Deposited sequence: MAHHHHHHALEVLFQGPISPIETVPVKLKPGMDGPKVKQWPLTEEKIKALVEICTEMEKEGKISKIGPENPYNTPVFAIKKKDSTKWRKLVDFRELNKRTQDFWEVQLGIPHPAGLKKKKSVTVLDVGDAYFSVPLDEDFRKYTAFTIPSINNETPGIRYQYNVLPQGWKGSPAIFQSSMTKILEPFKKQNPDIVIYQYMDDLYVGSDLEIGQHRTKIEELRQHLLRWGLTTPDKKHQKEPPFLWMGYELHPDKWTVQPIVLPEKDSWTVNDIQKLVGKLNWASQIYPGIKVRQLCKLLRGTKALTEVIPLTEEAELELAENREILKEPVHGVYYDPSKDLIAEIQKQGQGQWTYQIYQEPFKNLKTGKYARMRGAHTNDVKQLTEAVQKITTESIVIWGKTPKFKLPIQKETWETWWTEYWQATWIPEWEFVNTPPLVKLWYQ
């Protein structure tokens, strides 16, 4: 398939970040094996393009996997079942290896260049380019789509109740059957793929905005409640404060107990009822991009909002490791990013643009040590503290 870049695009020119010794050794072994079978070929410096590369150790798997960050190439390259989210059990299968069977267009190979670094810069970095369809590039599924449909046709017709979606390197196959029956179907699908050459989206609850409940309210409590309601006014038009604001009249001590008036109590009940109901008027536009904001709430708790336009959320959730020791904040944030990306792929078929609540240097230093997925969402870093925790 003669792939092309987007009109007016140049090509990826991203520098390689340093890697640990074990990662470099694994990459050297993997790339030697790949070059032996012609999947990659050594290139020189006259190729001006580059994408970063690293290695990951997948979930409870002792085998290293080479991962290429094709985000710039994916953005520069010119190339969804609505019932999958409603399924009962979704299993994600890695079908990336198949991509190594179909060659890649010659004129495009130069865009897949990458550089393996060296420990202590003992030697200049070793450059390779892909001869076959690489894992992580968005054009690889778009080129292997025909073969994927050909392979899956004997399965989908035999199992019409199983919904199969493909994103990049991952097959999300979902069913409404029993977990044992689901595992049996997964084994059948494996065998079918070999011969032909554990999500639970039903439990994806939203995180609503809850006002606090108290038998005695102070001036500070009413002030915080009024601020929270003022913030929610942008999300739920028709929310009101007025009487609560009238309660905060004059200068009073923050610890003074102020009784709730009848109008204030009635309006608070109305406000709670409005917050209970979901926001109405949000529709997923496939043209616009997804934005996922993450907030750290402490005690191993994180909250997130996936939205396409500000103050109009398409999904609100709360990732929680519930401490359990696990003092690593970067590991928790990486796991949250991976889970949110998987949810976004299942629900909308698109990875979201992440607004990570972390310093850039810490993320680039440590994120590869905990990454388990074969895809990398685009992310930016927010350097502004949230005013008041309003999703907790």
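Student: Which residue ranges of the deposited sequence are not present in the modelled coordinates?
Tutor: Several regions go unmodelled: 1-23, 103-111, 230-248, 444.
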